[PDB]
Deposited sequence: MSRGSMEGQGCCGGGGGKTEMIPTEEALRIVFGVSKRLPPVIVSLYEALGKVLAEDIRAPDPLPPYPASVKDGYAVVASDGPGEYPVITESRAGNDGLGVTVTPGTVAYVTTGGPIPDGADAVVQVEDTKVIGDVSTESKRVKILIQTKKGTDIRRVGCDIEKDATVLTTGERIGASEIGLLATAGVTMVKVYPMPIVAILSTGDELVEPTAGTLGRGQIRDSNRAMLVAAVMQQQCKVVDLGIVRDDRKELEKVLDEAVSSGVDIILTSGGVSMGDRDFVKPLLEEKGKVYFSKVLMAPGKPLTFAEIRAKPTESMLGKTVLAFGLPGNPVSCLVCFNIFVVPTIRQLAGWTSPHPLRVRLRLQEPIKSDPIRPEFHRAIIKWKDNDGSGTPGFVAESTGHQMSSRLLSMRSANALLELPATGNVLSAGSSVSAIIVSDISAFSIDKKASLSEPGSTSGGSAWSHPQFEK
């Protein structure tokens, strides 16, 4: 039985980034860049007006002038030179005609006469005003994105700016998932027979892996039969998946075949971890027959222990395989809203609902946590709406309301419900 920090170190050490692939622009969203991106031309590639108004010779100053061209896009005003004593109409983003060196916004002008257009410039501007010189936003050949950078909406915008519609990225791993147990029935089952429960772990893990943006291979319910489980594991290993997640069949039962099968097919690095919830957690590395590595997590059957182990150990593995340079979860410090009794032996991943408050109970703003109630590993209601796992050290003491603890954030911080 090893501590969680060592189990994490072992997993990190074995887990290797996947080979990069080439994807389309919209397929690159959420993925980590596997190449630098350089701008092939400047932004703007022509001197561009910041305003709707008139391009002028700054030294002319206030006065009445003829409008000699109109420039909004493309070739508008090509071959026209704005000489002293003339102006040109411009819209925001419109090319500045040759000879003009400043823009006066339309609010500081007035159109004069009926019909040959004439405008009155009402201010004394300065050379360069309200003009974006060539490459002022992005210089030609500048690096706009680098290897190891995750692609979000702004990064897609930068790729589109640079004319990149096919992108070299690190792919997401493909994850196979199965449930084990003679007591399991499908979640479509209505009336349950004696000694049956619905398989909840498989759908829970399919959803958890879909939230990590990975493809899922659903291998269904497997019975507590060594030959049957070996066949499904052999089929999973040869299918091309990168990660296998099983649940159950990893405790001390006489028909728990996941750990001995993983010892036979590959290298098991650990089967037990010092923590609450649970204890059994097998991690193995299997070589597929040519040729590649498959990581296997023999997750515990208890629904809570299953999802907590997915959150602490599988999520950083998915991220490492997908090329994340920072795969660890966000850890914050927070104050307890109620007292919690800590265990004298097992450090606990206590489920909580956390929120940011203007006063965290100490007079200054901060996160605060509410427990989800009873933490028994069989009680999936303790995971309901939990957006954090409080890291409670094994002291045996009651942590009073208002005391500060470390907390792992397990669900979208941008999706946090406000206080």
| item | value |
| --- | --- |
| In sequence order, the deposited-sequence ranges that have no modelled C-alpha atom | 1-20, 136-138, 314-318, 448-471 |
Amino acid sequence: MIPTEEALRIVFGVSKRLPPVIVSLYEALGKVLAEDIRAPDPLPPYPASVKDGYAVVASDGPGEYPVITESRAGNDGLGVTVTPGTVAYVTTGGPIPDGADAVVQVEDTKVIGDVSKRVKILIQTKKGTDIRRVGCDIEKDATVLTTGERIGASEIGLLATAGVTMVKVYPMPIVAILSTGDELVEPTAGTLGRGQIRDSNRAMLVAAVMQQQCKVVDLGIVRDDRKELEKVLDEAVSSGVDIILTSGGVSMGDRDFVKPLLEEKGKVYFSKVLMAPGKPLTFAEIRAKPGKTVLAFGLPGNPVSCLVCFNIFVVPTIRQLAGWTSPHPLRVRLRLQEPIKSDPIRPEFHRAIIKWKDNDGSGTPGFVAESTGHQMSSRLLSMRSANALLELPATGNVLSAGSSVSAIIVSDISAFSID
From here on, numbers count along this sequence of modelled residues.
query	finding
Higher-scoring stretch by recorded Cα B factor average, 230-238 or 187-195	230-238
Comparing 59-67 with 37-45, the one whose average Cα B-factor in the PDB entry is higher	59-67
Residue, from 118, 255, 319, 215, that the PDB entry assigns the highest Cα B-factor	118
Criterion, highest CA B-factor; candidates, 132, 127, 72, 202	127
Residue 361 - which third its CA temperature factor falls in, relative to the rest of the chain	highest
Chain thirds of CA B-factor: placement of residue 337	highest
Residue 83 - Cα temperature factor, lowest/middle/highest third of chain	highest
Among modelled residues of the same chain, the CA temperature factor third for residue 99	highest
Position of residue 274 among the chain's modelled residues by C-alpha B-factor, lowest, middle or highest third	highest
